[PDB]
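FYI, in PDB author numbering the residues of the sequence shown are 130 to 174, 190 to 253. The next block holds one structure in the form of structure tokens; read it before the comments.
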Amino acid sequence: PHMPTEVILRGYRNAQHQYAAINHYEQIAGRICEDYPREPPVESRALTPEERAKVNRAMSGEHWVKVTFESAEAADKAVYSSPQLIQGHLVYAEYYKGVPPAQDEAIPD
């Protein structure tokens with residue numbers, strides 16, 4: 130009942146644009162348990193054990209990031225609504241299978 134469920138988000142421009150993929154899919158599909166930024170950097174001078197276990201298996205690359213939705217139904221929403229046009233790129237959501245995606249490039253729209 131609310132099994133945290135891991136999803137790969139992939140296709141955005143570079144690692145400095147990861148935040149938009151996370152924010153956009155979180156707003157569509159539901160809470161993402163990782164604490165990654167949802168906004169660009171700002172200028173300046190609790191998890192269950194199941195959620196925490198999956199959050200701590202962190203993975204990302206230049207154009208993809210693994211996220212943990214708090215339930216399978218939320219993960220399902222993300223995959224169903226994939227792909228999403230985000231900041232000029234097609235960002236896909238796919239269920240995580242314990243490995244990095246075999247498609248790990250930017251996908252410009």
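We put the beta carbon where it would ideally sit given N, CA and C, even for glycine.
When the Cα atoms are used, what is the spatial distance from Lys221 to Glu172?
-> For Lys221 and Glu172, the gap between their C-alpha atoms comes out near 34 Å.
Out of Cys162, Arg167, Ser215, state which residue places its alpha-carbon closest to the alpha-carbon of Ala202.
-> Ranking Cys162, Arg167, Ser215 by Cα distance to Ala202 puts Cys162 first.
Hey, out of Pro252, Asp164, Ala250, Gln156, whose CA is closest to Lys198's CA?
-> Nearest neighbour of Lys198 by Cα position, chosen from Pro252, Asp164, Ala250, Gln156, turns out to be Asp164.
Kindly indicate which three-state DSSP category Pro193 falls into: helix, strand or coil?
-> helix
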